[PDB]
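final-v8.txt follows (compact mmCIF, C-alpha atoms):
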# COMPACT_ATOMS: atom_id res chain seq x y z
CA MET A 1 3.19 18.30 -14.30
CA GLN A 2 3.00 16.52 -17.68
CA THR A 3 3.17 13.18 -15.84
CA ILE A 4 2.58 11.95 -12.27
CA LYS A 5 5.04 9.45 -10.72
CA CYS A 6 3.71 7.21 -7.92
CA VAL A 7 5.35 4.20 -6.23
CA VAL A 8 3.44 1.34 -4.55
CA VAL A 9 5.03 -0.73 -1.77
CA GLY A 10 3.80 -2.67 1.29
CA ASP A 11 5.29 -4.82 4.08
CA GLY A 12 5.28 -8.39 2.73
CA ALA A 13 1.47 -8.47 2.35
CA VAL A 14 0.59 -11.82 0.74
CA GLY A 15 -2.28 -10.23 -1.21
CA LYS A 16 -0.01 -7.38 -2.37
CA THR A 17 -0.10 -8.70 -5.96
CA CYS A 18 -3.88 -9.22 -5.96
CA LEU A 19 -4.25 -5.62 -4.77
CA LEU A 20 -2.42 -4.26 -7.83
CA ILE A 21 -4.00 -6.67 -10.35
CA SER A 22 -7.51 -6.12 -8.93
CA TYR A 23 -7.09 -2.42 -9.79
CA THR A 24 -6.03 -3.19 -13.38
CA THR A 25 -9.20 -5.22 -14.07
CA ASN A 26 -10.44 -6.87 -10.82
CA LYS A 27 -8.92 -10.13 -9.54
CA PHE A 28 -8.74 -10.44 -5.73
CA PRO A 29 -8.73 -14.27 -6.00
CA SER A 30 -5.63 -14.16 -8.25
CA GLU A 31 -6.13 -17.95 -8.37
CA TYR A 32 -3.08 -18.00 -10.69
CA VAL A 33 -0.22 -15.48 -10.44
CA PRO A 34 1.91 -14.51 -13.51
CA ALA A 35 5.56 -15.62 -13.76
CA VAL A 36 7.81 -12.58 -14.28
CA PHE A 37 6.10 -9.39 -13.04
CA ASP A 38 6.04 -6.42 -15.46
CA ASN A 39 4.96 -2.82 -14.80
CA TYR A 40 1.77 -1.38 -16.34
CA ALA A 41 0.99 2.27 -17.20
CA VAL A 42 -2.62 3.54 -17.11
CA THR A 43 -4.22 6.98 -17.59
CA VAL A 44 -7.41 8.39 -16.01
CA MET A 45 -9.83 10.90 -17.56
CA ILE A 46 -10.56 13.90 -15.30
CA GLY A 47 -12.90 16.80 -16.11
CA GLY A 48 -11.73 16.05 -19.68
CA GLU A 49 -8.01 16.31 -18.83
CA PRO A 50 -6.44 12.82 -19.21
CA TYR A 51 -3.28 12.37 -17.10
CA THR A 52 -0.87 9.44 -17.45
CA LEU A 53 -0.17 7.42 -14.28
CA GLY A 54 2.98 5.29 -13.83
CA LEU A 55 2.75 2.46 -11.27
CA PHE A 56 6.02 0.99 -9.93
CA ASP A 57 6.14 -2.27 -7.94
CA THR A 58 9.10 -4.32 -6.65
CA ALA A 59 9.43 -7.70 -8.40
CA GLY A 60 12.12 -9.54 -6.39
CA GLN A 61 15.48 -8.61 -7.96
CA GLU A 62 16.93 -6.58 -5.05
CA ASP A 63 20.22 -8.50 -5.35
CA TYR A 64 20.58 -6.36 -8.50
CA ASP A 65 21.24 -3.33 -6.26
CA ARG A 66 18.32 -1.50 -7.92
CA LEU A 67 18.90 1.27 -5.35
CA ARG A 68 15.38 2.76 -5.25
CA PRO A 69 16.72 5.99 -3.63
CA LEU A 70 18.89 6.63 -6.73
CA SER A 71 20.46 9.33 -4.51
CA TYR A 72 17.43 11.33 -5.74
CA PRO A 73 13.95 9.70 -5.82
CA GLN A 74 11.74 10.95 -8.68
CA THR A 75 8.56 9.88 -6.84
CA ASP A 76 6.37 12.79 -5.70
CA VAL A 77 3.81 10.55 -3.95
CA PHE A 78 4.55 7.59 -1.64
CA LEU A 79 1.91 4.89 -1.04
CA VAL A 80 1.99 2.23 1.71
CA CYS A 81 -0.11 -0.94 2.13
CA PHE A 82 -0.37 -3.24 5.17
CA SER A 83 -2.78 -5.84 6.60
CA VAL A 84 -4.62 -5.38 9.92
CA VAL A 85 -5.66 -9.04 10.29
CA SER A 86 -2.19 -10.21 11.40
CA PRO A 87 -0.25 -8.93 14.49
CA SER A 88 3.34 -9.37 13.25
CA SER A 89 2.40 -7.30 10.18
CA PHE A 90 1.38 -4.53 12.60
CA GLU A 91 4.78 -4.28 14.33
CA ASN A 92 6.59 -4.74 11.00
CA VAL A 93 5.27 -1.28 10.06
CA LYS A 94 7.09 0.30 13.03
CA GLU A 95 10.05 -2.09 13.39
CA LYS A 96 11.12 -1.83 9.71
CA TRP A 97 9.10 0.83 7.81
CA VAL A 98 9.22 3.61 10.46
CA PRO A 99 13.09 3.68 10.56
CA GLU A 100 13.59 2.60 6.93
CA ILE A 101 11.65 5.70 5.81
CA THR A 102 14.65 7.75 7.00
CA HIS A 103 16.60 6.51 3.95
CA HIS A 104 13.89 8.15 1.82
CA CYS A 105 14.33 11.43 3.73
CA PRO A 106 10.74 12.28 4.82
CA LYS A 107 10.19 15.34 2.60
CA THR A 108 6.96 14.36 0.80
CA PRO A 109 3.33 13.64 1.83
CA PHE A 110 2.61 10.06 2.99
CA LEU A 111 -0.70 8.15 2.93
CA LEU A 112 -1.54 5.24 5.26
CA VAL A 113 -4.03 2.75 3.76
CA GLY A 114 -5.73 -0.10 5.64
CA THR A 115 -6.74 -3.15 3.57
CA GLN A 116 -8.53 -6.46 4.23
CA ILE A 117 -11.30 -4.81 6.29
CA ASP A 118 -14.69 -6.62 6.41
CA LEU A 119 -12.82 -9.91 6.99
CA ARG A 120 -11.59 -8.41 10.29
CA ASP A 121 -10.00 -11.82 10.94
CA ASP A 122 -12.69 -14.23 9.70
CA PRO A 123 -13.93 -16.72 12.34
CA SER A 124 -11.74 -19.62 11.16
CA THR A 125 -8.81 -17.17 11.44
CA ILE A 126 -9.51 -15.75 14.93
CA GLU A 127 -9.55 -19.38 16.12
CA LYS A 128 -5.96 -19.87 14.91
CA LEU A 129 -5.00 -16.65 16.74
CA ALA A 130 -7.01 -17.62 19.84
CA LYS A 131 -4.59 -20.53 20.34
CA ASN A 132 -1.67 -18.07 20.43
CA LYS A 133 -3.79 -15.46 22.26
CA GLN A 134 -2.83 -12.88 19.60
CA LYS A 135 -6.25 -11.54 18.52
CA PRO A 136 -6.43 -9.08 15.53
CA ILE A 137 -5.46 -5.41 15.98
CA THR A 138 -8.15 -2.72 15.54
CA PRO A 139 -7.66 0.15 13.04
CA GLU A 140 -7.67 2.68 15.90
CA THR A 141 -4.46 1.10 17.23
CA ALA A 142 -2.90 1.53 13.77
CA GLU A 143 -4.11 5.13 13.35
CA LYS A 144 -2.04 6.17 16.39
CA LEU A 145 1.12 4.84 14.71
CA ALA A 146 0.55 7.08 11.66
CA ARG A 147 -0.08 10.19 13.80
CA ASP A 148 3.10 9.26 15.70
CA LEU A 149 5.23 11.39 13.34
CA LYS A 150 3.45 13.40 10.61
CA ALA A 151 1.03 11.14 8.70
CA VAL A 152 -0.95 13.25 6.21
CA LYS A 153 -4.10 11.08 6.25
CA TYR A 154 -5.25 7.49 6.92
CA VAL A 155 -7.86 5.53 4.93
CA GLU A 156 -9.41 2.03 5.00
CA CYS A 157 -10.50 0.06 1.91
CA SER A 158 -12.16 -3.32 1.22
CA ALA A 159 -10.65 -5.15 -1.78
CA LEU A 160 -13.12 -8.03 -1.35
CA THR A 161 -15.69 -5.53 -2.62
CA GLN A 162 -15.45 -2.48 -4.87
CA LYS A 163 -15.68 -0.47 -1.62
CA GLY A 164 -11.87 -0.38 -1.35
CA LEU A 165 -10.87 1.25 -4.66
CA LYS A 166 -13.71 3.81 -4.39
CA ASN A 167 -12.18 5.03 -1.11
CA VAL A 168 -8.59 5.35 -2.40
CA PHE A 169 -9.79 6.50 -5.85
CA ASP A 170 -10.97 9.96 -4.75
CA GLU A 171 -7.89 10.45 -2.54
CA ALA A 172 -5.59 9.35 -5.39
CA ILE A 173 -6.82 12.34 -7.42
CA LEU A 174 -5.73 14.75 -4.65
CA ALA A 175 -2.10 13.65 -5.14
CA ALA A 176 -2.50 14.23 -8.89
CA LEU A 177 -2.69 17.99 -8.22
CA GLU A 178 0.53 17.73 -6.18

Would you kindly transcribe this structure into C-alpha cells?
Amino acid sequence: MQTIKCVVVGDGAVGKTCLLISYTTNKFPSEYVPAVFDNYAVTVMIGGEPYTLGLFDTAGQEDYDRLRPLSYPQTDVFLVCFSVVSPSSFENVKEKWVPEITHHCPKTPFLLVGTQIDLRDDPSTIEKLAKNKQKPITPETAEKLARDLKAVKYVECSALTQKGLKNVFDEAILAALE
C-alpha cells in the first residue's frame, strides 16, 4: 500500500501520446512529439495523505521481448484507452484486446474509458466516412462490449477540454484504495 502501480495502454490510438502528456501539464495539440519516450512518476495529495503514482507506457521496443506479463504482473490496476470516432478502432478492441486479455489472466478490476467525445466525428471527418458508408459508432454500442464479460465500469472523457481528466480523476482515486 506504500505505492500504487498502474499501467496505461490503448489500441494504436494516434493521440495516445497527447493523452499522457496532456495529463502531465496539458498539451492535446502535441504539435511536436519528443524523440525517445521516458516514463514519469507523479504524486497526488489526498486529504493530506500524498501517494506516489507510477505511470507505465509502451515506447516501441517490443522486439526486446520486454514480456509485460513477467509471469507475474505487478500491476494492480489496468487502464484501457480507445477512440470512438473510427470504426476499425472499435472492432480492434474485440478482435485483439478481448482475447489478448487472456494472457493477463483476468483477475483484476478493469476500466473502460471513452476519449475524443465532443468531436463525435467532426463534419469534415464524417464526410470522409460517408464515402465509405462507415459512419462513427455511438458510445452505447461500445458500452455493450464492456458488459460482454465483466467490465467494472465505463466512463467518457473529453481531452479537448478539461472535462476529460475531471471525469477520470475522481475514478482514479477509487483504484488508489485498491

Handout entry: Spatial sel., origin (7.0, 9.9, -9.9), limit 6 Å, all atoms listed in the file, listed as a ChimeraX atom specification
Key = /A:4-6,74-76

Problem - Protein and nucleic acid residues near (-7.7, -6.9, 3.5) (cut-off 7 Å, all atoms listed in the file) as a ChimeraX atom specification - result: /A:83,115-117,119,158-159

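The smallest atom-to-atom distance between residue 149 (chain A) and any of A:46, A:79, A:98, A:19, using only C-alpha atoms, is found for A:98.
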
Problem - Polymer residues at most 10 Å from residue 86 (chain A), all atoms listed in the file, same-chain spacing of 5 or more positions, as a PyMOL selection string - result: chain A and resi 13+91+120-121+125-126+129+134-137

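If you look at CA of residue 144 (chain A) and CA of residue 90 (chain A), they are 11.9 Å away from each other.
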
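Here CA of residue 153 (chain A) and CA of residue 108 (chain A) stand 12.8 Å from one another.
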
Hey, could you patch up region 58-69 of chain A with N, CA and C atoms and hand it over as an mmCIF file, in the frame of the given file?
data_model
loop_
_atom_site.group_PDB
_atom_site.id
_atom_site.type_symbol
_atom_site.label_atom_id
_atom_site.label_comp_id
_atom_site.auth_asym_id
_atom_site.auth_seq_id
_atom_site.Cartn_x
_atom_site.Cartn_y
_atom_site.Cartn_z
ATOM 1 N N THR A 58 7.873 -3.481 -6.738
ATOM 2 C CA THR A 58 9.100 -4.320 -6.650
ATOM 3 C C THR A 58 8.792 -5.736 -7.126
ATOM 4 N N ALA A 59 9.674 -6.320 -7.893
ATOM 5 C CA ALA A 59 9.430 -7.700 -8.400
ATOM 6 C C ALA A 59 10.632 -8.588 -8.047
ATOM 7 N N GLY A 60 10.959 -8.691 -6.789
ATOM 8 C CA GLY A 60 12.120 -9.540 -6.390
ATOM 9 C C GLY A 60 13.426 -8.806 -6.682
ATOM 10 N N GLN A 61 14.188 -9.283 -7.631
ATOM 11 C CA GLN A 61 15.480 -8.610 -7.960
ATOM 12 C C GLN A 61 16.220 -8.258 -6.669
ATOM 13 N N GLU A 62 16.218 -7.004 -6.298
ATOM 14 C CA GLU A 62 16.930 -6.580 -5.050
ATOM 15 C C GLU A 62 18.421 -6.883 -5.182
ATOM 16 N N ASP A 63 18.781 -8.137 -5.224
ATOM 17 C CA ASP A 63 20.220 -8.500 -5.350
ATOM 18 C C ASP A 63 20.847 -7.723 -6.514
ATOM 19 N N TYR A 64 20.037 -7.134 -7.350
ATOM 20 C CA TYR A 64 20.580 -6.360 -8.500
ATOM 21 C C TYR A 64 20.928 -4.941 -8.049
ATOM 22 N N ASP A 65 20.906 -4.696 -6.768
ATOM 23 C CA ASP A 65 21.240 -3.330 -6.260
ATOM 24 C C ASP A 65 20.433 -2.286 -7.035
ATOM 25 N N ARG A 66 19.152 -2.487 -7.175
ATOM 26 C CA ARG A 66 18.320 -1.500 -7.920
ATOM 27 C C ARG A 66 18.516 -0.111 -7.304
ATOM 28 N N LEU A 67 18.703 -0.051 -6.017
ATOM 29 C CA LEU A 67 18.900 1.270 -5.350
ATOM 30 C C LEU A 67 17.702 2.173 -5.650
ATOM 31 N N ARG A 68 16.590 1.926 -5.012
ATOM 32 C CA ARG A 68 15.380 2.760 -5.250
ATOM 33 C C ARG A 68 15.704 4.246 -5.038
ATOM 34 N N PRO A 69 16.363 4.575 -3.956
ATOM 35 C CA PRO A 69 16.720 5.990 -3.630
ATOM 36 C C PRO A 69 17.440 6.703 -4.782
#
